[PDB]
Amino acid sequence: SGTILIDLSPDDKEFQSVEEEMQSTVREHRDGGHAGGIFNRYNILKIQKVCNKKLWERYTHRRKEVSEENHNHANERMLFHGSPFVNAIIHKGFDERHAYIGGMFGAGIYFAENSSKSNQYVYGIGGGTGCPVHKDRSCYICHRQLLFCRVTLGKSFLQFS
């Protein structure tokens, strides 16, 4: 597919700034942990950079279109994405299949500033049945995977809750 995963050492400054954003954005959720589990912090086992020229040039191209339609401001953020299809996302890229059709804000790809929120979707909608091994949505054993993505928002419609 053209994707290579480069491991980062915990002494690398990128590793540390990403882990900080991962840990500092945890919060308690109104379900008490039903979907993502009960936890105040993570144990980071590994952080890897994703490298794919086709998928990057695909992103930078759209970013330019959005920027030129919004006074040269792409409104770019770094956001979390949890999904059962992370393996397909890092190789084939985002597309319709990775959309939440039942989402509160429409049928699209959802991202979060709270890592703990994206964690609720690692095993599917509302945690699904939990980890594939123990069927435990609050498993402290099995390994999980999140994505820390570069997102272009352009002009964003504000929907108050």
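One rule holds for the numbers: they count along the sequence shown, beginning at 1. Under this definition, the rigid core comprises the largest set of C-alpha atoms superposing within 1.5 Å between the forms.
Displacement analysis by core superposition in 9 other deposited structures of this protein ranks 96-104 above the other of 117-125 and 96-104 in root-mean-square C-alpha distance from the shown form. Comparing 96-104 with 47-55, the higher mean C-alpha B-factor in the PDB entry belongs to 96-104. Looking at 147-155 and 6-14 together, the entry lists the larger mean B-factor for 6-14, computed on C-alpha atoms. When the Cα B-factors of 91, 73, 81, 77 are read from the PDB record, 91 comes out highest. Residue 29: CA B factor lies in the lowest third for its chain, per the PDB record. Among all modelled residues in this chain, the alpha-carbon of residue 63 has a temperature factor (C-alpha) in the middle third. Among the modelled residues of its chain, residue 117 has a C-alpha B-factor that falls in the lowest third according to the deposited record.
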